[PDB]
Amino acid sequence: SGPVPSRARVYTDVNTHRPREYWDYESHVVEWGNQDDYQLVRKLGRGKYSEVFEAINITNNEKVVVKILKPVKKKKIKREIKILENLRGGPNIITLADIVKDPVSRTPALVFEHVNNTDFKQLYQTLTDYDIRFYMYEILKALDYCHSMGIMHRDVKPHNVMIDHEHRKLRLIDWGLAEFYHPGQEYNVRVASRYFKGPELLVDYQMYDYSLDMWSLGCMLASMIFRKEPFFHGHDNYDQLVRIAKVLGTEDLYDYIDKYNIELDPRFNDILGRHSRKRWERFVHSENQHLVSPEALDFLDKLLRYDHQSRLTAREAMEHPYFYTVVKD
Ligand SMILES: Nc1nnc(-c2ccc(C(=O)O)cc2)s1
C-alpha cells in the first residue's frame with residue numbers, strides 16, 4: 001500500500017521529445033572561457049555550497065558576479081551549467097556569461113551578469129501595490145519559461161530573486177537545485193528553503209513537479225502583501241507543515257494525504273492537531289491593507305493549495321485579474 005503516482009498536468013513531456021543532449025547533462029562537454037579576464041573584488045555570499053564574488057571583467061570594465069564551485073561531484077556542476085545554458089535568454093532568467101576553470105580551487109567558476117540589487121529585507125518595506133503586481137508578473141514569466149523548457153527551479157525564495165528596483169529589473173538566480181522534469185521520476189524532497197517548502201516535500205512525496213515552484217511563489221506573494229517575512233515561520237520541517245495547517249486547516253491537509261495514500265510519520269500525529277481553515281482577511285491590518293485586494297486574496301488562494309495538481313500553473317496565474325493594470329500597461 002504505497003503512494004499514488006502523479007504527473008505534471010502541463011509540460012508533462014517536454015524533455016521526452018527533445019534530443020537526448022538537451023537533458024543528458026552528464027554527457028555535456030563544457031567549452032571554457034578565460035579565467036584571466038576576471039578580477040574578483042569583494043566577497044558577497046558564503047553558503048554551504050559556494051563562494052560568490054562581485055568581480056570585474058578587465059577587457060571592458062563591466063561588473064560581473066563569480067560563483068566558484070567548491071569541490072562537489074562533477075554531476076551537480078554539469079546539471080547547473082546545462083540548465084543555465086538551456087535557459088539563457090529566457091525572460092528574467094539570470095544570464096550565465098562565462099564558465100572558467102578557476103584556480104582558486106581548480107574548481108570551475110560561473111560568471112554571471114551583475115544585478116545592482118536592492119537587498120530584499122529593505123526593499124519589500126518600500127514597494128507599492130503596483131510594484132508587487134509588476135514583480136510577481138515578472139517572476140511568473142521566468143517560471144513559465146523554465147517550466148515550458150522542462151525545468152523545475154526548486155529553490156524559489158526572496159534571496160533567489162534579484163531586483164534592481166530603480167531600473168525595474170528582475171532576475172531569478174541560483175539554479176543550483178534546479179532539475180529536469182521527467183514524468184514519473186521520484187525526486188529528492190530535500191530541496192528549497194524550509195519556509196518555502198511545499199506540502200509534498202514536507203510529507204515526503206517524491207513524484208512532484210513544476211507546481212513546487214508555485215507554492216514557493218505563493219509564500220512570497222503572501223509575505224509581500226501582508227508584509228510578514230517569512231509568512232509560514234516554522235522551527236523545523238515538522239513545525240513548518242504545522243505552520244501551514246494552522247492557516248489552511250487540517251481538513252484539506254488530510255484530504256491530500258488520503259488522495260495520494262501517503263503514510264504520515266506517526267510523530268506528525270500529535271503535533272498537527274486540529275485546526276480550522278482561516279480567512280486571509282485575518283492577516284490584513286493597517287500596515288498592509290494598501291497592498292491587499294480581493295484579486296490578490298483570490299490569486300493567493302489559488303496558489304497555496306495542498307494538492308499540487310490543483311495549484312495554478314505559471315501561465316494560468318499570468319491570466320489572473322490581479323495583473324491587468326500590469327498587462328494593460
Ligand atoms: N548582485 C548580483 N548579481 N547577480 C548575482 C547572482 C547571480 C547568480 C547567482 C547564482 O548562484 O546563480 C548568484 C548571484 S548577485
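Reading the values: the criteria
- Residues numbered from 1 in each chain as written, not as in the entry; some residues may be left out.
- Heavy atoms only, no water.
- UniProt positions renumbered as here; feature names shortened; annotations may be inferred.
- Buried < 20%, exposed > 50% of the residue type's maximum accessible area, 1.4 Å probe, protein only.
- Contact = heavy atoms within 4.5 Å.
- Helix = DSSP H or I, 4+ residues; strand = E, 2+ residues; numbered from the N terminus.
- Near = heavy atom within 4 Å.
- Polar contact = N/O pair within 3.5 Å; in protein donor to acceptor, adjacent residues only side chain to side chain.
- Areas by Shrake-Rupley, 256 points an atom, 1.4 Å probe, with all protein chains shown as cover.
- Nonpolar A, V, L, I, M, F, W, Y, C, P; charged D, E, K, R; others polar.

This entry, as listed in the PDB, derives from X-ray crystallography and reports a resolution of 2.5 Å.

J.: Please clarify how the UniProt feature "binding site: ATP" in the chain should be interpreted in this entry.
T.: The feature "binding site: ATP", as given by UniProt, occupies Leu44, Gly45, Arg46, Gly47, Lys48, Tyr49, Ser50, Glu51, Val52 and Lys67 in the numbering adopted here. Annotated residues spanning 24 residues; largest pairwise C-alpha distance 13.8 Å, indicating a single compact cluster. Judged by relative accessible area, which is 46%, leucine 44 ranks as partly exposed. Each residue touching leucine 44, except ones within four places of it in the same chain, is listed here: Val52, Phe53 and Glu54. You can see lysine 67 is positioned in strand β3 (residues 62-69). Setting aside residues no more than four positions away along its own chain, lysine 67 makes contact with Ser50, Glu51, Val52, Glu80, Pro108, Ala109, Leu110, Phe112 and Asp174.

J.: For this particular structure, what's the right way to read the site of the ligand?
T.: Close to the ligand lie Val65, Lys67, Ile94, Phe112, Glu113, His114, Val115, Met162, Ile173 and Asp174. In this structure, a nitrogen atom belonging to the ligand sits 3.0 Å away from a main-chain N or O atom of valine 115. Summarising the interface, the protein chains cover 91% of the accessible area of the ligand, which totals 380 Å² for the free molecule. Only β3 and β5 (108-113) provide two or more residues apiece to the shell around the ligand. Here the shell around the ligand is composed, by residue class, of 6 nonpolar, 1 polar and 3 charged.

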